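Since every read-out is calculated from the coordinates, none of them should be taken as a lab result. Counting neighbours? That spans all protein chains shown, and the Cβs are built from the backbone with ideal geometry, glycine included.
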Amino acid sequence: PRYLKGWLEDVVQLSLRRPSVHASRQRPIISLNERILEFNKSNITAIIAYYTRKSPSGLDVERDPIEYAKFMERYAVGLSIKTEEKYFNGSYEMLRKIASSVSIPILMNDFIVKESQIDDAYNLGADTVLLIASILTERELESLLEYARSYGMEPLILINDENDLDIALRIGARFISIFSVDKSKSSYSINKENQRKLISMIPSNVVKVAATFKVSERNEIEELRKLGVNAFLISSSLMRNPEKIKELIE
């Protein structure tokens, strides 16, 4: 992986030594990028529900993962499950349990640094994974992207700046996420103004995911929609009331 230091390079090598898992999916892949485009054709607001048990930035407990997934299943275009163990309190069993009880695209949100994690994701039932360009070399990101595609998994590529986006687009990325739920570490670089900037630099063909900032004003959403954003990544902690989810969903 690229030159990382501090907190991130730690969880990065934690992933490198993460023991592979033996399991087998009990349902095939349900494509996330493709389900978003169909949500688009029908003008359904495509919301990827972002779920983590605990977080380092915001130290707060969560509600039952299985119960939450069963709930969001009728609304979200897909679910993003944080499987990192140390800082985010996720686990592979949690992912396997969610992928078994739900029939909508599941995205494994973790720090993928080797092909076995991708095998892990496929075998645990995830429908795709998160690939972070700012963590992998252009070499590793091209390879991993191919590995996942062989499984039939079109990964969502996280980019945080024009640099990451150049790397991603040249290796042929077809599914991209401008920013994530939390606002980076270099942080002011991560704002609403830079986000539209990065979005306009993405080819109309690419499926674009925008990490929303403020959920409630629908005119941040229907505005990003006009700039081509296909789906929105939203923290679970802002989607608990069904009627409110509907207000977002139209």
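Please state the charge dipole magnitude for the chain, taken about the Cα centre, from unit charges on C-beta atoms (+1 on K and R, -1 on D and E), reported in debye and rounded to the nearest 20.
Roughly 280 debye for the chain.
Using Cβ counts within 10 Å as a stand-in for footprinting exposure, how do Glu67, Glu115 rank, fewest first?
Placing the least packed residue first, the sequence is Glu67, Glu115.
What size of dipole, in debye to the nearest 20, comes out for the stretch 62-112 about its Cα centre when the only charges are +1 on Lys and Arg C-beta atoms and -1 on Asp and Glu C-beta atoms?
So the magnitude is around 120 debye.
Positive end of the charge dipole of the chain (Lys, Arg +1 and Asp, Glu -1 on Cβ, about the Cα centre): tell me which of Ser116, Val181, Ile132 has its Cα farthest that way.
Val181
If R0 is 22 Å, what FRET efficiency do you get for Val61 and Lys214 from their C-beta distance, rounded to 0.05?
Once the sixth-power term is evaluated, E becomes 0.40.
Once you put a point 7 Å from the Cα of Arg2 and another 7 Å from the Cα of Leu16, both along the Cβ direction, what distance in nm separates them?
Spacing of the two 7 Å Cα→Cβ label points: 1.7 nm.
Quick check: pseudo-label points 7 Å beyond the Cα along Cα→Cβ at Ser187 and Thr137, how many nm apart are they?
Output for this residue pair reads 3.1 nm.
Rounded to the nearest Å, what's the spacing between the alpha carbon centres of the stretch 212-240 and the stretch 1-76? Just the number, please.
17 Å
Would you work out which of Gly152, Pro65, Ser80 lies farthest towards the positive end of the dipole of the chain, given +1 charges on the beta-carbon of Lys and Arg and -1 on that of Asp and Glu, about the Cα centre?
Positive-end residue among those listed: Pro65.
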